[PDB]
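Data block for target13.txt (compact mmCIF, N, CA and C atoms):
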# COMPACT_ATOMS: atom_id res chain seq x y z
N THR T 63 24.22 24.71 -8.84
CA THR T 63 24.85 25.06 -7.56
C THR T 63 25.78 23.96 -7.08
N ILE T 64 25.39 22.69 -7.27
CA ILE T 64 26.28 21.58 -6.91
C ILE T 64 27.58 21.66 -7.71
N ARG T 65 27.46 21.89 -9.02
CA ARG T 65 28.64 22.03 -9.87
C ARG T 65 29.54 23.16 -9.39
N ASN T 66 28.96 24.33 -9.11
CA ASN T 66 29.77 25.49 -8.76
C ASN T 66 30.38 25.36 -7.36
N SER T 67 29.70 24.64 -6.46
CA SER T 67 30.34 24.29 -5.19
C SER T 67 31.57 23.43 -5.43
N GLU T 68 31.44 22.41 -6.29
CA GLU T 68 32.61 21.61 -6.65
C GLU T 68 33.70 22.47 -7.29
N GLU T 69 33.31 23.48 -8.06
CA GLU T 69 34.31 24.34 -8.70
C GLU T 69 35.05 25.20 -7.68
N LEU T 70 34.33 25.75 -6.70
CA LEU T 70 34.99 26.51 -5.65
C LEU T 70 35.94 25.62 -4.84
N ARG T 71 35.51 24.38 -4.57
CA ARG T 71 36.43 23.38 -4.01
C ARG T 71 37.69 23.26 -4.86
N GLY T 72 37.52 23.16 -6.18
CA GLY T 72 38.66 23.05 -7.07
C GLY T 72 39.60 24.23 -6.96
N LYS T 73 39.06 25.45 -6.95
CA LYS T 73 39.90 26.64 -6.82
C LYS T 73 40.65 26.64 -5.49
N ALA T 74 39.98 26.21 -4.42
CA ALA T 74 40.64 26.11 -3.12
C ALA T 74 41.82 25.14 -3.17
N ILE T 75 41.64 24.00 -3.83
CA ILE T 75 42.73 23.02 -3.89
C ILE T 75 43.83 23.50 -4.83
N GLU T 76 43.49 24.32 -5.83
CA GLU T 76 44.54 24.92 -6.66
C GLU T 76 45.37 25.90 -5.84
N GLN T 77 44.74 26.66 -4.95
CA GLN T 77 45.53 27.50 -4.05
C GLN T 77 46.38 26.65 -3.11
N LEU T 78 45.86 25.48 -2.69
CA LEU T 78 46.66 24.55 -1.89
C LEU T 78 47.93 24.13 -2.62
N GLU T 79 47.78 23.69 -3.87
CA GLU T 79 48.95 23.23 -4.61
C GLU T 79 49.88 24.39 -4.93
N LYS T 80 49.33 25.60 -5.09
CA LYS T 80 50.18 26.78 -5.23
C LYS T 80 51.02 26.99 -3.98
N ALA T 81 50.40 26.87 -2.80
CA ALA T 81 51.12 27.05 -1.55
C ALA T 81 52.26 26.04 -1.42
N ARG T 82 51.96 24.76 -1.63
CA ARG T 82 53.00 23.74 -1.47
C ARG T 82 54.06 23.86 -2.55
N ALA T 83 53.66 24.22 -3.77
CA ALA T 83 54.62 24.39 -4.86
C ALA T 83 55.59 25.51 -4.56
N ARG T 84 55.09 26.64 -4.06
CA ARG T 84 55.99 27.75 -3.73
C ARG T 84 56.86 27.40 -2.54
N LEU T 85 56.29 26.72 -1.54
CA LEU T 85 57.09 26.18 -0.44
C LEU T 85 58.31 25.43 -0.96
N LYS T 86 58.08 24.42 -1.82
CA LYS T 86 59.17 23.59 -2.33
C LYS T 86 60.16 24.38 -3.17
N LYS T 87 59.66 25.18 -4.12
CA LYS T 87 60.56 25.93 -4.99
C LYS T 87 61.46 26.86 -4.20
N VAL T 88 60.88 27.67 -3.31
CA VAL T 88 61.69 28.64 -2.59
C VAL T 88 62.59 27.96 -1.57
N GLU T 89 62.19 26.79 -1.06
CA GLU T 89 63.07 26.12 -0.10
C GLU T 89 64.30 25.55 -0.81
N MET T 90 64.14 25.04 -2.04
CA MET T 90 65.32 24.64 -2.80
C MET T 90 66.17 25.85 -3.19
N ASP T 91 65.54 26.97 -3.52
CA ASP T 91 66.32 28.16 -3.85
C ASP T 91 67.12 28.66 -2.65
N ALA T 92 66.52 28.62 -1.46
CA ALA T 92 67.24 29.02 -0.26
C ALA T 92 68.32 28.00 0.10
N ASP T 93 68.14 26.74 -0.31
CA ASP T 93 69.22 25.77 -0.13
C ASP T 93 70.42 26.09 -1.00
N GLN T 94 70.19 26.40 -2.28
CA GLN T 94 71.29 26.85 -3.14
C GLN T 94 71.91 28.14 -2.61
N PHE T 95 71.08 29.01 -2.04
CA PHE T 95 71.59 30.24 -1.44
C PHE T 95 72.46 29.94 -0.23
N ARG T 96 72.10 28.90 0.53
CA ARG T 96 72.92 28.48 1.67
C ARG T 96 74.27 27.95 1.20
N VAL T 97 74.28 27.16 0.12
CA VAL T 97 75.53 26.67 -0.45
C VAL T 97 76.43 27.84 -0.87
N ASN T 98 75.88 28.77 -1.65
CA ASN T 98 76.71 29.86 -2.16
C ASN T 98 77.10 30.84 -1.06
N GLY T 99 76.32 30.91 0.02
CA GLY T 99 76.73 31.73 1.15
C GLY T 99 77.84 31.08 1.95
N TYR T 100 77.81 29.75 2.07
CA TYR T 100 78.97 29.04 2.61
C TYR T 100 80.21 29.35 1.79
N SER T 101 80.07 29.38 0.46
CA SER T 101 81.21 29.70 -0.40
C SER T 101 81.70 31.13 -0.19
N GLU T 102 80.77 32.09 -0.07
CA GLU T 102 81.19 33.48 0.11
C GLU T 102 81.84 33.68 1.47
N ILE T 103 81.44 32.89 2.48
CA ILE T 103 82.11 33.00 3.77
C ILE T 103 83.46 32.29 3.73
N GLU T 104 83.62 31.31 2.83
CA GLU T 104 84.95 30.74 2.64
C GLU T 104 85.91 31.76 2.04
N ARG T 105 85.45 32.55 1.07
CA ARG T 105 86.38 33.30 0.24
C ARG T 105 86.88 34.63 0.83
N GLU T 106 86.59 34.96 2.09
CA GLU T 106 86.87 36.32 2.55
C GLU T 106 88.20 36.49 3.28
N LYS T 107 88.42 35.74 4.36
CA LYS T 107 89.61 35.98 5.17
C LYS T 107 90.88 35.60 4.42
N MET T 108 90.75 34.73 3.41
CA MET T 108 91.89 34.45 2.54
C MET T 108 92.31 35.69 1.76
N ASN T 109 91.35 36.40 1.16
CA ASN T 109 91.66 37.66 0.49
C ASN T 109 92.28 38.66 1.45
N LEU T 110 91.73 38.74 2.66
CA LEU T 110 92.23 39.77 3.58
C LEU T 110 93.63 39.44 4.09
N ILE T 111 93.93 38.15 4.28
CA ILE T 111 95.27 37.78 4.74
C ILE T 111 96.28 37.90 3.60
N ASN T 112 95.83 37.69 2.36
CA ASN T 112 96.71 37.94 1.22
C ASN T 112 96.97 39.44 1.06
N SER T 113 96.00 40.28 1.43
CA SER T 113 96.26 41.71 1.48
C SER T 113 97.28 42.05 2.57
N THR T 114 97.16 41.40 3.73
CA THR T 114 98.16 41.59 4.78
C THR T 114 99.56 41.24 4.29
N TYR T 115 99.69 40.15 3.54
CA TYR T 115 101.01 39.77 3.03
C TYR T 115 101.46 40.70 1.91
N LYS T 116 100.51 41.28 1.18
CA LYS T 116 100.84 42.36 0.25
C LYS T 116 101.50 43.52 0.97
N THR T 117 100.92 43.94 2.10
CA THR T 117 101.54 44.99 2.91
C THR T 117 102.92 44.56 3.42
N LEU T 118 103.04 43.29 3.82
CA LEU T 118 104.33 42.73 4.23
C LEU T 118 105.41 42.97 3.18
N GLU T 119 105.17 42.48 1.96
CA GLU T 119 106.18 42.63 0.91
C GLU T 119 106.35 44.08 0.51
N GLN T 120 105.29 44.88 0.60
CA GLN T 120 105.34 46.29 0.23
C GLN T 120 106.12 47.13 1.22
N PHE T 121 106.34 46.65 2.44
CA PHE T 121 107.22 47.40 3.32
C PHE T 121 108.63 46.82 3.38
N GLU T 122 108.79 45.49 3.48
CA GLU T 122 110.10 44.99 3.90
C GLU T 122 111.13 45.04 2.77
N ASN T 123 110.76 44.57 1.57
CA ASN T 123 111.68 44.64 0.44
C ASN T 123 111.92 46.08 0.02
N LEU E 112 8.63 7.67 3.21
CA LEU E 112 8.71 8.60 2.07
C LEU E 112 9.37 9.91 2.48
N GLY E 113 8.93 10.48 3.60
CA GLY E 113 9.62 11.64 4.14
C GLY E 113 11.09 11.36 4.37
N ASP E 114 11.41 10.17 4.90
CA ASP E 114 12.81 9.80 5.08
C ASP E 114 13.57 9.83 3.76
N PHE E 115 12.98 9.27 2.70
CA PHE E 115 13.68 9.15 1.41
C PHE E 115 13.92 10.52 0.78
N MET E 116 12.88 11.36 0.75
CA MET E 116 13.02 12.67 0.12
C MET E 116 13.94 13.58 0.92
N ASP E 117 13.70 13.70 2.24
CA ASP E 117 14.60 14.47 3.09
C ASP E 117 16.01 13.89 3.05
N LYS E 118 16.14 12.59 2.78
CA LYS E 118 17.44 11.93 2.74
C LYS E 118 18.25 12.37 1.52
N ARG E 119 17.64 12.36 0.34
CA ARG E 119 18.38 12.81 -0.84
C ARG E 119 18.68 14.31 -0.76
N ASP E 120 17.73 15.08 -0.23
CA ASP E 120 17.99 16.50 0.00
C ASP E 120 19.17 16.69 0.95
N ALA E 121 19.21 15.90 2.02
CA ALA E 121 20.29 16.00 2.99
C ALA E 121 21.61 15.56 2.37
N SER E 122 21.57 14.58 1.47
CA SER E 122 22.78 14.17 0.75
C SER E 122 23.38 15.34 -0.01
N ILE E 123 22.59 15.96 -0.89
CA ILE E 123 23.14 17.04 -1.72
C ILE E 123 23.55 18.23 -0.85
N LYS E 124 22.73 18.58 0.14
CA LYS E 124 23.05 19.71 1.01
C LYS E 124 24.31 19.44 1.82
N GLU E 125 24.43 18.24 2.39
CA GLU E 125 25.58 17.90 3.20
C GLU E 125 26.86 18.00 2.38
N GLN E 126 26.85 17.45 1.17
CA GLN E 126 28.08 17.46 0.39
C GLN E 126 28.45 18.88 -0.03
N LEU E 127 27.46 19.70 -0.40
CA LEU E 127 27.80 21.06 -0.83
C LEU E 127 28.32 21.89 0.34
N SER E 128 27.68 21.78 1.51
CA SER E 128 28.11 22.56 2.67
C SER E 128 29.50 22.14 3.14
N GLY E 129 29.75 20.83 3.19
CA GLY E 129 31.08 20.35 3.53
C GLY E 129 32.13 20.85 2.56
N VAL E 130 31.80 20.84 1.26
CA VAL E 130 32.68 21.42 0.25
C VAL E 130 33.06 22.85 0.61
N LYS E 131 32.05 23.70 0.86
CA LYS E 131 32.33 25.12 1.10
C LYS E 131 33.17 25.32 2.36
N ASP E 132 32.86 24.59 3.43
CA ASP E 132 33.60 24.83 4.67
C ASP E 132 35.03 24.32 4.58
N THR E 133 35.26 23.16 3.96
CA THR E 133 36.64 22.72 3.76
C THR E 133 37.39 23.67 2.83
N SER E 134 36.70 24.27 1.86
CA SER E 134 37.36 25.26 1.01
C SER E 134 37.85 26.44 1.83
N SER E 135 37.01 26.95 2.72
CA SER E 135 37.45 28.04 3.60
C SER E 135 38.63 27.61 4.47
N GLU E 136 38.59 26.37 4.99
CA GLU E 136 39.66 25.92 5.88
C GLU E 136 40.98 25.78 5.14
N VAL E 137 40.94 25.29 3.90
CA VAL E 137 42.19 25.13 3.16
C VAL E 137 42.69 26.49 2.68
N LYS E 138 41.79 27.46 2.50
CA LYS E 138 42.26 28.82 2.22
C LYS E 138 43.01 29.41 3.41
N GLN E 139 42.47 29.21 4.62
CA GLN E 139 43.21 29.56 5.83
C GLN E 139 44.56 28.84 5.88
N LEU E 140 44.58 27.57 5.48
CA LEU E 140 45.82 26.81 5.48
C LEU E 140 46.86 27.43 4.56
N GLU E 141 46.46 27.84 3.35
CA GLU E 141 47.46 28.40 2.44
C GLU E 141 47.98 29.74 2.97
N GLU E 142 47.08 30.61 3.45
CA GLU E 142 47.58 31.86 4.03
C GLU E 142 48.58 31.63 5.15
N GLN E 143 48.25 30.77 6.13
CA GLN E 143 49.16 30.50 7.24
C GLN E 143 50.46 29.87 6.74
N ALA E 144 50.36 28.92 5.81
CA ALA E 144 51.53 28.19 5.35
C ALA E 144 52.49 29.08 4.59
N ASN E 145 51.97 29.98 3.75
CA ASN E 145 52.87 30.88 3.03
C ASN E 145 53.43 31.97 3.93
N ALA E 146 52.67 32.40 4.95
CA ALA E 146 53.25 33.26 5.97
C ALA E 146 54.46 32.60 6.63
N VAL E 147 54.31 31.35 7.08
CA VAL E 147 55.42 30.65 7.72
C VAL E 147 56.52 30.34 6.70
N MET E 148 56.15 30.19 5.42
CA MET E 148 57.14 29.97 4.38
C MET E 148 58.07 31.17 4.25
N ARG E 149 57.51 32.35 4.00
CA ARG E 149 58.36 33.53 3.87
C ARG E 149 59.02 33.91 5.19
N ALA E 150 58.41 33.55 6.33
CA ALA E 150 59.08 33.78 7.61
C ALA E 150 60.33 32.92 7.75
N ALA E 151 60.23 31.62 7.45
CA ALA E 151 61.40 30.76 7.50
C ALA E 151 62.42 31.15 6.45
N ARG E 152 61.96 31.68 5.31
CA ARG E 152 62.88 32.18 4.29
C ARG E 152 63.68 33.37 4.81
N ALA E 153 62.99 34.32 5.43
CA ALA E 153 63.67 35.42 6.11
C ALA E 153 64.63 34.90 7.17
N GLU E 154 64.27 33.82 7.85
CA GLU E 154 65.14 33.25 8.88
C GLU E 154 66.43 32.70 8.28
N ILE E 155 66.32 31.95 7.18
CA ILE E 155 67.51 31.37 6.56
C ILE E 155 68.41 32.47 5.99
N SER E 156 67.82 33.41 5.25
CA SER E 156 68.62 34.50 4.70
C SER E 156 69.16 35.40 5.81
N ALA E 157 68.48 35.41 6.96
CA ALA E 157 68.98 36.17 8.10
C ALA E 157 70.14 35.45 8.76
N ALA E 158 70.13 34.12 8.73
CA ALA E 158 71.31 33.37 9.15
C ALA E 158 72.48 33.65 8.22
N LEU E 159 72.20 33.83 6.93
CA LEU E 159 73.23 34.27 6.00
C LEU E 159 73.77 35.65 6.37
N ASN E 160 72.87 36.60 6.64
CA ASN E 160 73.29 37.93 7.10
C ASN E 160 74.09 37.84 8.39
N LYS E 161 73.68 36.95 9.30
CA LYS E 161 74.38 36.79 10.57
C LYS E 161 75.78 36.26 10.36
N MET E 162 75.94 35.21 9.54
CA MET E 162 77.28 34.67 9.31
C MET E 162 78.16 35.67 8.58
N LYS E 163 77.57 36.45 7.66
CA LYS E 163 78.32 37.52 7.00
C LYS E 163 78.80 38.56 8.00
N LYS E 164 77.88 39.09 8.82
CA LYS E 164 78.26 40.11 9.79
C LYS E 164 79.24 39.56 10.83
N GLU E 165 79.15 38.27 11.14
CA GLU E 165 80.02 37.68 12.16
C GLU E 165 81.44 37.51 11.63
N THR E 166 81.58 36.90 10.44
CA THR E 166 82.90 36.84 9.83
C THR E 166 83.43 38.24 9.54
N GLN E 167 82.54 39.21 9.33
CA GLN E 167 82.98 40.59 9.15
C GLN E 167 83.55 41.17 10.44
Taking this structure as input, can you express it in the form of structure tokens?
Amino acid sequence: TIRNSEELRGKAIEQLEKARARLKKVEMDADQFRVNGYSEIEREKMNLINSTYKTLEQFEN
Amino acid sequence: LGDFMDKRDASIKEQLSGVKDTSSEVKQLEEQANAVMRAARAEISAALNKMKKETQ
């Protein structure tokens, strides 16, 4: 019983390290997601204003 | 003699019971911590949705 109490302690601490490990992994993944979302918000109004200038040349010339 | 025998019994009992109760407490800790983990994850990706909808 002493051994198996220690073993249940061990399983509990393995769930602890699982919790912190997933915390760290997903927080770094959301950091990379923040970087690439900054990039996707960079790339939009440039495309739309180049479309506006497409309409410009498509009417005036 | 009663002190000595009850003492070693109390040693083993104390350590096993403390083991079990801390195990329950750290299980509560992981549940709460992963709840707040995925909640903050939803928050960050929701800030992404917000900046997308706003620039939109």
For a quick test of understanding: name the residues of chain T lying within 8 Å of chain E when counting all atoms listed in the file, and present them as a ChimeraX atom specification.
/T:63-64,67-68,70-75,77-82,84-85,88-89,92,95-96,99-100,102-103,107
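In this structure, atom CA of residue T:101 sits 23.9 Å away from atom CA of residue E:150.
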Per-axis box centre and lengths in Å around stretch 127-139 of chain E, 5 Å margin per side, axis-aligned, as JSON:
{"center_x": 36.0, "center_y": 24.6, "center_z": 2.5, "size_x": 27.1, "size_y": 19.9, "size_z": 16.7}
Please compute the atom N of residue E:125-atom CA of residue E:113 distance, one decimal, in Å.
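Pair atom N of residue E:125 / atom CA of residue E:113 returns 16.3 Å.
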